[PDB]
Amino acid sequence: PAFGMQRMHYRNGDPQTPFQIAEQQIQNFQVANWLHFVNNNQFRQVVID
Amino acid sequence: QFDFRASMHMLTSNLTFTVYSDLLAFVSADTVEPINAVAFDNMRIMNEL
Numbered sequence: 445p446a447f448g449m450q451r452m453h454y455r456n457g458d459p460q461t462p463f464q465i466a467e468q469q470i471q472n473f474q475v476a477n478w479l480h481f482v483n484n485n486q487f488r489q490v491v492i493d
Numbered sequence: 839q840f841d842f843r844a845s846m847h848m849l850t851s852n853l854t855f856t857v858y859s860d861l862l863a864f865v866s867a868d869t870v871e872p873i874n875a876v877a878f879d880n881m882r883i884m885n886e887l
């Protein structure tokens, strides 16, 4: 709603999360840079001691 | 005049029938799970969250 575009129609069980769709459809830069960290936030499996 | 030798007739029929009336009392139908029910196309009805 804050960008003026039509709200997304998300069907059940799609393989993409709605943040993973809305980084392609959006066109800003400061709100598409935060939206890329949320999709690529993962634990780092390292072996210590 | 009543001629006995010219009035005999051999009536022909069957031996054994078994006549039924309600034909759909033999089938036993069942619905699929209603969250997965498809329309005239491939996709399911009421899919959008």
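Chains C and E, in that order, are what the protein sequence lines are.
The authors' numbering puts the first residue of the first sequence at 445, with every later residue one more than the last.
The authors' numbering puts the first residue of the second sequence at 839, with every later residue one more than the last.
Quick reminder that beta carbons are idealized off the backbone N, C-alpha and C, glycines included.
Does any residue of chain C bring its CB to less than 9 Å from the CB of residue i?
i, result
"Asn-885 of chain E", "yes"
Would a check of beta-carbon distances place residue i closer than 9 Å to chain E?
i, result
"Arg-455 of chain C", "yes"
Give the straight-line distance between the Cα atoms of residue i and residue j, rounded to the nearest whole angstrom.
i, j, result
"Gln-464 of chain C", "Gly-448 of chain C", "19 Å"
"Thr-856 of chain E", "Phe-864 of chain E", "15 Å"
"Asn-456 of chain C", "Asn-885 of chain E", "6 Å"
"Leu-849 of chain E", "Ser-866 of chain E", "42 Å"
"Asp-458 of chain C", "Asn-874 of chain E", "15 Å"
"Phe-878 of chain E", "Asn-852 of chain E", "48 Å"
"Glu-871 of chain E", "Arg-882 of chain E", "12 Å"
"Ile-470 of chain C", "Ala-476 of chain C", "7 Å"
"residue 388 of chain C", "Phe-473 of chain C", "Residue 388 of chain C falls outside the range modelled here, since chain C spans only 445 to 493, and no answer is possible."
"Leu-887 of chain E", "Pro-445 of chain C", "18 Å"
Would you grab the beta carbon distance between residue i and residue j for me? Rounded to a whole angstrom, and I think it's under 8 Å.
i, j, result
"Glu-467 of chain C", "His-480 of chain C", "6 Å"
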